[PDB]
């Protein structure tokens, strides 16, 4: 949005770049930061940890009623069955979309997000526009921002993640997918469907 006080994006990036490199140089000289430490964190969250992990959990729950029961009872323990867990998903609780209930997750105070199953959050989730509005008019936001029309008679539960509990949405399995393989089903599971701002992919 226009702010007549604001520098250009190029000038902002230039200044941030110098401040970050300066702080980086000081922590390196203190011996507590290294360039290899930086490269490892980036490799993990660019390539090793992302929403393909949560997609595996969702498709197992869709295809294994006993696993789905364990997932809803103890999300962290059930995900550990698949070797999935860790930082910022120490305490996961999965919530089931149904014909009567739709779930959507937000962190209005501080960007909370279940990294082990979704990776790092996209920028819109961290930003004040989504965070301010979804607790106040979730039905309208879903329709206007995500093209997702939740009928007025259907309950929307908005989970504001104010603690270290991490809420993950188990979306409903799309129609027309009877007998699909787990690989085919995974193509329908998006990070958006596990936040609750979209259903799983149709068709």
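Residue numbers count along the first chain shown, from 1.
*Got a sec? Mean C-alpha B-factor, which is higher, 120-128 or 91-99?*
Per the deposited B-factors, the answer is 91-99.
*136-144 versus 37-45 - which carries the larger mean C-alpha B factor in the record*: According to the entry, 136-144 carries the higher average C-alpha B-factor.
*What's the residue among 73, 79, 105, 109 with the greatest CA temperature factor in the PDB record?*
The C-alpha B-factor peaks, among 73, 79, 105, 109, at 73.
*asked:* Considering every modelled residue of the chain and its Cα B-factor in the PDB entry, is residue 25 in the lowest, middle or highest third?
replied: Ranked within chain, residue 25 CA B lands in the middle tercile.
_Entry-reported Cα temperature factor of residue 181, expressed as the chain third it lands in_ = Answer is highest: the recorded C-alpha B-factor places it there.
*Using the B-factors in the PDB entry, rank residue 53's C-alpha atom against the chain and give the third, lowest, middle or highest.*
As the PDB entry reports it, the C-alpha B-factor of residue 53 lands in the middle third of its chain.
*Relative to the other modelled residues in the chain, which third contains the C-alpha temperature factor of residue 175: lowest, middle or highest?*
Top third by C-alpha B-factor.
*Chain third (lowest, middle, highest) by recorded CA B-factor, residue given as residue 17*: Within its chain, residue 17 is a lowest-third residue by C-alpha B-factor, going by the deposited values.
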